[PDB]
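Text of input-v3.txt, listed as compact mmCIF, C-alpha atoms and all ligand atoms:
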```txt
# COMPACT_ATOMS: atom_id res chain seq x y z
CA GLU A 1 20.68 10.31 -10.48
CA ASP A 2 17.90 7.88 -9.65
CA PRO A 3 15.31 8.35 -12.42
CA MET A 4 12.50 8.67 -9.87
CA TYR A 5 14.43 11.40 -8.03
CA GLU A 6 15.62 13.24 -11.14
CA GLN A 7 12.05 13.43 -12.45
CA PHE A 8 10.67 14.86 -9.20
CA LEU A 9 13.62 17.27 -8.93
CA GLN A 10 12.83 18.51 -12.43
CA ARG A 11 9.17 19.12 -11.58
CA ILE A 12 9.91 20.83 -8.30
CA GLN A 13 12.42 22.97 -10.18
CA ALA A 14 9.79 23.78 -12.79
CA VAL A 15 6.71 24.29 -10.63
CA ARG A 16 5.55 27.85 -10.06
CA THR A 17 2.14 27.26 -8.43
CA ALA A 18 1.11 25.98 -5.03
CA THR A 19 -1.80 24.36 -6.86
CA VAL A 20 0.33 22.39 -9.32
CA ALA A 21 2.83 21.66 -6.52
CA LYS A 22 0.04 19.88 -4.61
CA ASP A 23 0.13 17.19 -7.32
CA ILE A 24 3.91 16.72 -7.03
CA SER A 25 3.53 16.33 -3.27
CA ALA A 26 0.87 13.65 -3.70
CA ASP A 27 3.02 11.85 -6.29
CA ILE A 28 5.96 11.86 -3.87
CA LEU A 29 3.77 10.43 -1.12
CA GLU A 30 2.58 7.79 -3.59
CA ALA A 31 6.11 6.90 -4.73
CA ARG A 32 7.13 6.68 -1.07
CA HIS A 33 4.22 4.35 -0.32
CA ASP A 34 5.15 2.21 -3.33
CA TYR A 35 8.86 1.99 -2.45
CA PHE A 36 7.94 0.68 0.99
CA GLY A 37 5.60 -1.95 -0.49
CA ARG A 38 8.22 -3.06 -3.03
CA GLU A 39 10.88 -3.38 -0.34
CA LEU A 40 8.50 -5.05 2.11
CA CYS A 41 7.44 -7.70 -0.42
CA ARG A 42 11.04 -8.49 -1.35
CA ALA A 43 11.99 -8.96 2.29
CA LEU A 44 9.01 -11.25 2.87
CA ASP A 45 9.39 -13.25 -0.38
CA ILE A 46 5.81 -12.36 -1.34
CA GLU A 47 4.76 -11.14 -4.76
CA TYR A 48 4.72 -7.39 -5.21
CA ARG A 49 1.56 -5.93 -6.63
CA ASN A 50 0.12 -2.46 -6.38
CA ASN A 51 -3.64 -2.00 -6.70
CA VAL A 52 -5.34 -5.23 -7.82
CA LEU A 53 -9.06 -5.19 -8.42
CA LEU A 54 -11.06 -7.14 -5.86
CA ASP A 55 -12.66 -8.99 -8.80
CA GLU A 56 -9.18 -10.08 -9.90
CA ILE A 57 -8.38 -11.27 -6.36
CA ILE A 58 -11.57 -13.35 -6.15
CA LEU A 59 -10.88 -14.94 -9.54
CA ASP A 60 -7.34 -15.90 -8.53
CA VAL A 61 -8.33 -17.52 -5.28
CA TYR A 62 -11.57 -19.10 -6.61
CA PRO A 63 -11.67 -19.12 -10.43
CA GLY A 64 -14.85 -21.21 -10.40
CA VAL A 65 -16.84 -18.64 -8.43
CA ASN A 66 -20.12 -17.72 -10.08
CA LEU A 67 -18.97 -14.12 -10.16
CA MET A 68 -22.13 -12.81 -11.88
CA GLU A 69 -24.33 -13.26 -8.76
CA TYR A 70 -22.24 -11.09 -6.38
CA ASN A 71 -22.06 -7.31 -6.06
CA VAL A 72 -18.27 -6.93 -5.97
CA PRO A 73 -17.24 -3.35 -5.11
CA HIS A 74 -14.52 -2.16 -7.48
CA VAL A 75 -11.87 -1.40 -4.83
CA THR A 76 -8.12 -1.86 -5.35
CA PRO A 77 -6.24 -2.91 -2.18
CA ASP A 78 -2.45 -2.70 -2.24
CA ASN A 79 -1.82 -6.46 -2.28
CA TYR A 80 -3.00 -9.83 -0.99
CA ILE A 81 -1.76 -13.19 0.24
CA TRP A 82 -3.76 -16.34 -0.45
CA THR A 83 -2.50 -19.22 1.70
CA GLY A 84 -4.97 -21.82 0.40
CA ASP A 85 -7.10 -21.38 3.54
CA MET A 86 -7.18 -17.63 4.28
CA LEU A 87 -7.08 -14.46 2.22
CA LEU A 88 -4.94 -11.68 3.69
CA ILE A 89 -5.77 -8.28 2.23
CA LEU A 90 -2.69 -6.03 2.47
CA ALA A 91 -2.38 -2.27 2.55
CA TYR A 92 0.96 -0.47 2.96
CA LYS A 93 1.33 2.84 4.78
CA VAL A 94 4.19 5.25 5.40
CA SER A 95 3.29 7.68 8.15
CA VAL A 96 4.12 8.95 11.61
CA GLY A 97 0.44 8.86 12.68
CA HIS A 98 -2.28 6.17 12.88
CA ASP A 99 -5.06 8.11 11.23
CA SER A 100 -4.37 7.05 7.65
CA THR A 101 -4.14 3.46 8.92
CA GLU A 102 -7.48 3.60 10.74
CA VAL A 103 -9.12 5.27 7.74
CA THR A 104 -7.95 2.61 5.29
CA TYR A 105 -8.57 -0.20 7.79
CA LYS A 106 -12.22 0.79 8.03
CA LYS A 107 -12.55 1.36 4.27
CA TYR A 108 -11.17 -2.10 3.49
CA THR A 109 -13.40 -3.69 6.16
CA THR A 110 -16.58 -2.05 4.85
CA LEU A 111 -15.84 -2.81 1.18
CA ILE A 112 -14.09 -6.21 0.98
CA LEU A 113 -15.16 -8.48 3.83
CA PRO A 114 -18.96 -8.72 3.12
CA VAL A 115 -18.77 -9.95 -0.47
CA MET A 116 -15.96 -12.24 0.66
CA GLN A 117 -18.25 -13.63 3.37
CA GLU A 118 -20.95 -14.27 0.76
CA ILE A 119 -18.44 -16.17 -1.36
CA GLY A 120 -17.16 -18.15 1.62
CA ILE A 121 -13.51 -17.04 1.52
CA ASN A 122 -12.00 -16.48 4.94
CA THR A 123 -10.63 -12.93 4.59
CA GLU A 124 -8.68 -10.67 6.98
CA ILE A 125 -7.68 -7.01 6.58
CA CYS A 126 -3.98 -6.38 7.26
CA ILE A 127 -2.15 -3.04 7.33
CA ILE A 128 1.62 -2.66 7.55
CA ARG A 129 2.95 0.81 8.39
CA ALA A 130 6.47 2.21 8.21
CA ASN A 131 7.40 5.27 10.21
CA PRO A 132 9.60 7.15 7.69
CA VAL A 133 11.69 8.81 10.46
CA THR A 134 12.41 5.91 12.84
CA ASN A 135 11.85 3.06 10.31
CA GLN A 136 9.62 1.31 12.86
CA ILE A 137 7.12 -1.17 11.40
CA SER A 138 3.62 -1.39 12.88
CA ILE A 139 1.44 -4.35 11.80
CA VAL A 140 -2.32 -4.90 12.09
CA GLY A 141 -3.81 -8.32 11.30
CA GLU A 142 -3.30 -11.25 13.70
CA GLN A 143 -2.59 -13.81 10.96
CA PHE A 144 -0.04 -11.67 9.12
CA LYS A 145 1.94 -11.30 12.36
CA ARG A 146 1.80 -15.08 12.74
CA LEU A 147 3.08 -15.68 9.21
CA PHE A 148 5.78 -12.97 9.33
CA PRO A 149 6.97 -12.48 12.93
CA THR A 150 10.26 -11.10 11.61
CA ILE A 151 10.41 -8.51 8.83
CA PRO A 152 14.01 -7.94 7.65
CA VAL A 153 13.48 -4.81 5.56
CA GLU A 154 16.20 -2.19 5.36
CA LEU A 155 14.58 1.13 4.44
CA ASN A 156 15.82 4.64 3.64
CA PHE A 157 13.25 7.39 3.01
CA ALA A 158 15.80 10.22 2.88
CA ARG A 159 15.42 10.85 -0.84
CA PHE A 160 11.67 11.25 -0.29
CA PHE A 161 12.22 13.55 2.68
CA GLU A 162 14.67 15.74 0.70
CA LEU A 163 12.21 16.11 -2.22
CA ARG A 164 9.31 17.09 0.05
CA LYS A 165 11.51 19.52 1.98
CA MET A 166 12.48 21.23 -1.28
CA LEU A 167 8.83 21.72 -2.18
CA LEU A 168 8.02 23.05 1.28
CA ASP A 169 10.95 25.47 1.03
CA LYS A 170 9.81 26.68 -2.40
CA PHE A 171 6.36 27.55 -1.01
CA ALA A 172 6.94 28.74 2.58
CL CL A 201 1.15 5.94 2.47
MN MN A 202 -2.85 2.24 -2.34
```
Now that the file is in, can you turn its structure into structure tokens?
Amino acid sequence: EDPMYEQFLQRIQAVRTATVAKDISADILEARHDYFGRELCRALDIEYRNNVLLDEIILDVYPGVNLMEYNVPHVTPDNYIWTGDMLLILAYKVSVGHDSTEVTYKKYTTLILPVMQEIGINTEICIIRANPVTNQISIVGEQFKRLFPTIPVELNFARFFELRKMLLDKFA
């Protein structure tokens, strides 16, 4: 009787269509991504956000920026850390493979770093990935690994697994 679980259960119970069920599956994958981020930020004593506009990040680190003379792409990374000298752009991932990591890594690089270079904010793209089966944590970003060499998260993706399995069983 978690509310998140009960609400997915109810939709899986209700769904008749493979088409509508695709949306439930994506929402489960999203909720799983967000649970990892929430837990990861608690373990690291860093502020949890999910999807902050790049414009909002620039204004927090440098409120005096003359924002009007930059083309700021309207991307929403998962989170960020501003140390006072470097900006760490964070994305969370829950996956067994690398591909989603490499896709996002390149997306964030193409879209964030150039305007940040124009502004003069030292920025680095970091991705943290949880394997939902083994609970192994893979990190990309040299400075993140320096700031957080130990990550004491305790994770449990079983509820997410059970929900997805029930969908897959409904639509063999
Ligand atoms: Cl994910
Ligand atoms: Mn995201």
Report task. Can you tell me which residues come within 10 Å of ligand MN 202 (chain A) when counting only C-alpha atoms and all ligand atoms, ideally as a PyMOL selection string? Result -> chain A and resi 30+33-34+37+50-52+76-79+90-93+104
Which residues are close to stretch 43-48 of chain A, i.e. within 7 Å by all atoms listed in the file, leaving aside same-chain residues fewer than 6 positions away? Reply as an mmCIF file with C-alpha atoms, keeping the file's coordinate frame.
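New file result11.cif:
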```
data_model
loop_
_atom_site.group_PDB
_atom_site.id
_atom_site.type_symbol
_atom_site.label_atom_id
_atom_site.label_comp_id
_atom_site.auth_asym_id
_atom_site.auth_seq_id
_atom_site.Cartn_x
_atom_site.Cartn_y
_atom_site.Cartn_z
ATOM 1 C CA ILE A 151 10.410 -8.510 8.830
ATOM 2 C CA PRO A 152 14.010 -7.940 7.650
ATOM 3 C CA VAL A 153 13.480 -4.810 5.560
#
```
What is the distance between atom CA of residue A:15 and atom CL of ligand CL 201 (chain A), in Å to one decimal?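 Atom CL of ligand CL 201 (chain A) lies 23.2 Å from atom CA of residue A:15.
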Original post:
Could you state the separation of atom CA of residue A:86 and atom CA of residue A:143 in Å, given to one decimal place?
Top reply: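 Spanning atom CA of residue A:86 to atom CA of residue A:143 is a straight-line distance of 9.0 Å.
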Set the cut-off to 12 Å, count only C-alpha atoms and all ligand atoms, and list whatever residues fall near ligand CL 201 (chain A) as a VMD selection string. chain A and resid 26 to 37 78 91 to 101 103 to 104 127 to 132
| Contacts of residue A:57 within 10 Å, all atoms listed in the file, excl. fewer than 2 positions in-chain, as an MDAnalysis selection string | chainID A and resid 52:55 59:63 76:77 79:82 87 89
query: Quick one: distance from atom CA of residue A:71 to atom CA of residue A:122 in Å, one decimal?
result: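 Taking atom CA of residue A:71 as the start and atom CA of residue A:122 as the end point, the length is 17.5 Å.
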Margin query: What's around residue A:114 at 10 Å? Count only C-alpha atoms, leave out sequence neighbours fewer than 3 positions away in its own chain, and write the answer as a list in words.
Written below: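 The contact residues come out as residues 71, 72, 73, 109, 110, 111, 117, 118, 119, 120 and 123 of chain A.
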Point to revise | 12 Å contact set for residue A:16, only C-alpha atoms, chain neighbours under 4 positions out, as a list in words | key: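 Surrounding residues, per the criterion: residues 11, 12, 20, 21, 22, 24, 167, 170 and 171 of chain A.
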Inset, instruction - Do a neighbour search on residue A:150 at 12 Å with all atoms listed in the file, toss out local chain neighbours closer than 5 positions, and write the hits as a PyMOL selection string. - result: chain A and resi 40+43-44+137-139+144-145
Incomplete stretch 20-46 of chain A brought to N, CA and C atoms, written out as a tab-separated table (two decimals), keeping the file's coordinate frame:
```
chain	number	residue	atom	x	y	z
A	20	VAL	N	-0.31	23.47	-8.58
A	20	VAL	CA	0.33	22.39	-9.32
A	20	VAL	C	1.28	21.62	-8.41
A	21	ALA	N	1.92	22.31	-7.46
A	21	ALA	CA	2.83	21.66	-6.52
A	21	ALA	C	2.11	20.66	-5.62
A	22	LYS	N	0.81	20.86	-5.39
A	22	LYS	CA	0.04	19.88	-4.61
A	22	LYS	C	0.11	18.51	-5.26
A	23	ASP	N	0.07	18.46	-6.59
A	23	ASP	CA	0.13	17.19	-7.32
A	23	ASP	C	1.48	16.51	-7.18
A	24	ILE	N	2.58	17.28	-7.28
A	24	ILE	CA	3.91	16.72	-7.03
A	24	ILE	C	3.97	16.11	-5.64
A	25	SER	N	3.51	16.84	-4.64
A	25	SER	CA	3.53	16.33	-3.27
A	25	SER	C	2.79	15.01	-3.16
A	26	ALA	N	1.61	14.91	-3.76
A	26	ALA	CA	0.87	13.65	-3.70
A	26	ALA	C	1.63	12.53	-4.41
A	27	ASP	N	2.23	12.84	-5.56
A	27	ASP	CA	3.02	11.85	-6.29
A	27	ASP	C	4.24	11.39	-5.51
A	28	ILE	N	4.86	12.28	-4.72
A	28	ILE	CA	5.96	11.86	-3.87
A	28	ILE	C	5.46	10.93	-2.77
A	29	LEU	N	4.34	11.29	-2.16
A	29	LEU	CA	3.77	10.43	-1.12
A	29	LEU	C	3.40	9.07	-1.68
A	30	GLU	N	2.88	9.05	-2.91
A	30	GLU	CA	2.58	7.79	-3.59
A	30	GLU	C	3.84	6.98	-3.84
A	31	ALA	N	4.86	7.60	-4.45
A	31	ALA	CA	6.11	6.90	-4.73
A	31	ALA	C	6.73	6.37	-3.45
A	32	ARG	N	6.64	7.14	-2.37
A	32	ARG	CA	7.13	6.68	-1.07
A	32	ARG	C	6.36	5.46	-0.59
A	33	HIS	N	5.03	5.52	-0.65
A	33	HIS	CA	4.22	4.35	-0.32
A	33	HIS	C	4.65	3.15	-1.15
A	34	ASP	N	4.86	3.34	-2.46
A	34	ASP	CA	5.15	2.21	-3.33
A	34	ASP	C	6.54	1.62	-3.09
A	35	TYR	N	7.53	2.48	-2.78
A	35	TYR	CA	8.86	1.99	-2.45
A	35	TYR	C	8.84	1.12	-1.20
A	36	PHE	N	8.06	1.51	-0.20
A	36	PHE	CA	7.94	0.68	0.99
A	36	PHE	C	7.33	-0.69	0.65
A	37	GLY	N	6.21	-0.69	-0.08
A	37	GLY	CA	5.60	-1.95	-0.49
A	37	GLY	C	6.56	-2.85	-1.25
A	38	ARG	N	7.25	-2.29	-2.25
A	38	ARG	CA	8.22	-3.06	-3.03
A	38	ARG	C	9.29	-3.66	-2.13
A	39	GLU	N	9.86	-2.85	-1.24
A	39	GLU	CA	10.88	-3.38	-0.34
A	39	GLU	C	10.31	-4.40	0.62
A	40	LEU	N	9.14	-4.12	1.18
A	40	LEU	CA	8.50	-5.05	2.11
A	40	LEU	C	8.23	-6.41	1.46
A	41	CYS	N	7.79	-6.42	0.20
A	41	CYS	CA	7.44	-7.70	-0.42
A	41	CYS	C	8.68	-8.49	-0.79
A	42	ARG	N	9.78	-7.80	-1.13
A	42	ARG	CA	11.04	-8.49	-1.35
A	42	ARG	C	11.54	-9.12	-0.06
A	43	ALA	N	11.51	-8.38	1.05
A	43	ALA	CA	11.99	-8.96	2.29
A	43	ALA	C	11.18	-10.19	2.67
A	44	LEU	N	9.87	-10.15	2.45
A	44	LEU	CA	9.01	-11.25	2.87
A	44	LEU	C	8.85	-12.34	1.82
A	45	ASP	N	9.51	-12.23	0.66
A	45	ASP	CA	9.39	-13.25	-0.38
A	45	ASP	C	7.93	-13.44	-0.79
A	46	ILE	N	7.18	-12.34	-0.84
A	46	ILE	CA	5.81	-12.36	-1.34
A	46	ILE	C	5.75	-11.46	-2.57
```
